[PDB]
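Engineer: Take a look at the following structure, please.
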Protein chains: 2
Amino acid sequence: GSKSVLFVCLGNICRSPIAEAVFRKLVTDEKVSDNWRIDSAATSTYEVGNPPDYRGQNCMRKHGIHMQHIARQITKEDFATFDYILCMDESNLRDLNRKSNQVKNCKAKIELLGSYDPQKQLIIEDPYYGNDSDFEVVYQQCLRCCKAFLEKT
Amino acid sequence: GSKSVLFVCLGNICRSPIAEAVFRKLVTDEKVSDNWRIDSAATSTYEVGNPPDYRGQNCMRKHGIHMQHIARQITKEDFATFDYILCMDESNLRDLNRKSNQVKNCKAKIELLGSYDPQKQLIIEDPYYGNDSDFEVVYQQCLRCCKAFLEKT
């Protein structure tokens with residue numbers, strides 16, 4: 001069998017590439033990667049066509065994650081092929097709740113990734129205008145949430 | 001001004017990610033990578049959410065290629081935004097020509113990547129059912145074809 005999770009942010013160059021990479025690493029360490037199809041996408045068209053933010057790549061290198069992405073925009077079909085859509089902030093939740101109420105098939109559950117954080121830090125905030133530490137913060141949030149999310153399966 | 005190309009195969013884990021990263025390298029070598037939007041996608045949905053075949057991931061690693069991809073399916077809007085859709089085999093071509101006539105706005109020129117081969121190896125066979133040498137052959141094909149394609153424009 002297979003479960004499916006799509007991590008969504010605004011641009012798909014900082015947060016969601018990291019969440020994707022952290023969840024893939026986490027299901028590889030647990031030896032469950034055979035049963036997970038994992039992707040990430042953007043709500044907007046700003047950064048489609050681009051690689052991850054280098055601060056994110058270097059943050060992922062720091063934890064031995066082989067991040068591997070080209071930014072893409074979320075589609076209509078993603079709401080049908082993915083069991084969970086996990087986003088970063090209320091703004092993503094707002095936009096995705098709109099498009100979910102305007103689609104021919106909506107299998108996905110649309111939730112905040114931060115809603116799984118044991119520490120209850122609800123928002124994973126865009127680190128694009130921060131420094132390398134803002135990216136490490138996001139990686140810690142993603143790891144905490146991704147572990148809870150996995151636990152509850 | 002800015003140009004763009006989409007590399008398409010069946011699942012987007014074997015040939016097309018290689019072609020994608022090969023082309024991305026040799027536009028960077030030519031110092032024209034600012035003027036290119038580069039990506040790859042699948043005709044089907046089976047492999048969506050997977051990283052590239054680890055064999056190909058090894059092939060790229062052996063030629064110093066930074067492959068960074070998760071599989072995605074081609075979309076309506078890919079046909080509208082991409083200047084080129086270069087595919088691998090007649091099945092891709094067949095399926096892409098049909099979808100191209102089924103969208104309201106098709107910018108993309110759909111060709112076989114192999115049609116650019118100076119050696120005239122027109123089909124880039126799927127290496128999925130073979131070994132590491134089958135990925136080396138696809139690489140060398142993508143290398144020939146991408147060069148000749150960039151030299152066209």
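In the structure tokens, each chain is lettered A, B, ... as it comes, each chain's residues begin at 1, and ligands are numbered from 1 in order of appearance.
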Output as a ChimeraX atom specification all residues of segment 6-152 of chain B that backbone DSSP marks as helix (DSSP H, G or I).
Structural biologist: /B:15-29,33-35,54-62,76-81,90-100,113-116,127-129,132-152
Engineer: Using only C-alpha atoms, what does the table of chain B residues within 10 Å of chain A look like, with each row giving the shortest atom pair and its distance in Å to one decimal, sorted by chain and ascending number, as a Markdown table?
Structural biologist:
| residue | atom | partner | partner_atom | distance |
| --- | --- | --- | --- | --- |
| B:4 | CA | A:49 | CA | 9.5 |
| B:36 | CA | A:49 | CA | 9.1 |
| B:37 | CA | A:49 | CA | 5.8 |
| B:38 | CA | A:49 | CA | 6.4 |
| B:39 | CA | A:49 | CA | 6.7 |
| B:40 | CA | A:70 | CA | 9.1 |
| B:45 | CA | A:81 | CA | 8.8 |
| B:47 | CA | A:37 | CA | 8.4 |
| B:48 | CA | A:37 | CA | 7.1 |
| B:49 | CA | A:37 | CA | 4.6 |
| B:50 | CA | A:37 | CA | 6.1 |
| B:51 | CA | A:68 | CA | 7.7 |
| B:52 | CA | A:68 | CA | 9.3 |
| B:66 | CA | A:68 | CA | 8.7 |
| B:67 | CA | A:68 | CA | 6.8 |
| B:68 | CA | A:68 | CA | 3.4 |
| B:69 | CA | A:69 | CA | 4.4 |
| B:70 | CA | A:69 | CA | 6.0 |
| B:71 | CA | A:39 | CA | 8.0 |
| B:72 | CA | A:39 | CA | 8.3 |
| B:73 | CA | A:77 | CA | 9.2 |
| B:75 | CA | A:75 | CA | 7.9 |
| B:76 | CA | A:75 | CA | 9.5 |
| B:77 | CA | A:75 | CA | 9.5 |
Engineer: Could you save those same residues with C-alpha atoms as a PDB file, in the first residue's frame?
Structural biologist:
ATOM      1  CA  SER B   4      12.260  27.048 -21.579  1.00  0.00           C
ATOM      2  CA  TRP B  36      16.330  29.038 -19.411  1.00  0.00           C
ATOM      3  CA  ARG B  37      13.474  27.536 -17.419  1.00  0.00           C
ATOM      4  CA  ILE B  38      14.183  23.810 -17.195  1.00  0.00           C
ATOM      5  CA  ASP B  39      12.137  20.970 -15.733  1.00  0.00           C
ATOM      6  CA  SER B  40      10.911  17.436 -16.348  1.00  0.00           C
ATOM      7  CA  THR B  45       1.015   9.128 -12.497  1.00  0.00           C
ATOM      8  CA  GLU B  47       5.845   7.145 -10.007  1.00  0.00           C
ATOM      9  CA  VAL B  48       4.610  10.556  -8.828  1.00  0.00           C
ATOM     10  CA  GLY B  49       6.087  11.494  -5.475  1.00  0.00           C
ATOM     11  CA  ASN B  50       9.228   9.397  -6.022  1.00  0.00           C
ATOM     12  CA  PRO B  51      12.837  10.555  -6.361  1.00  0.00           C
ATOM     13  CA  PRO B  52      14.739   9.401  -9.455  1.00  0.00           C
ATOM     14  CA  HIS B  66      23.546  17.534  -9.425  1.00  0.00           C
ATOM     15  CA  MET B  67      20.181  15.851  -9.969  1.00  0.00           C
ATOM     16  CA  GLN B  68      17.469  17.397  -7.772  1.00  0.00           C
ATOM     17  CA  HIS B  69      14.015  16.036  -8.564  1.00  0.00           C
ATOM     18  CA  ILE B  70      10.777  14.517  -7.356  1.00  0.00           C
ATOM     19  CA  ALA B  71       8.518  13.013 -10.010  1.00  0.00           C
ATOM     20  CA  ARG B  72       5.509  15.061 -11.119  1.00  0.00           C
ATOM     21  CA  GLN B  73       2.912  14.667 -13.847  1.00  0.00           C
ATOM     22  CA  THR B  75      -0.063  19.492 -16.567  1.00  0.00           C
ATOM     23  CA  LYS B  76      -2.426  21.440 -18.787  1.00  0.00           C
ATOM     24  CA  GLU B  77      -0.330  24.525 -18.079  1.00  0.00           C
TER      25      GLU B  77
END
Engineer: From the list A:64, A:11, A:1, A:56, which residue is nearest residue 92 of chain A when using only C-alpha atoms?
Structural biologist: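 Using only C-alpha atoms, residue 92 of chain A sits closest to A:11.
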Engineer: So, counting only C-alpha atoms, which residue among A:30, A:83, A:132, A:95 is closest to residue 55 of chain A?
Structural biologist: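 Residue with the minimum atom-to-atom distance to residue 55 of chain A: A:132.
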Engineer: Find the spatial neighbours of segment 139-151 of chain A, counting only C-alpha atoms, within a cut-off of 9 Å - ignore same-chain residues fewer than 6 positions away - and output them as a count of residues only.
Structural biologist: 21
Engineer: Enumerate, as a list in words, the complete set of residues in segment 18-142 of chain B that a backbone-based DSSP assignment places in strand (DSSP E or B).
Structural biologist: residues 36, 37, 38, 39, 40, 41, 42, 73, 84, 85, 86, 87, 109, 110, 111 and 112 of chain B
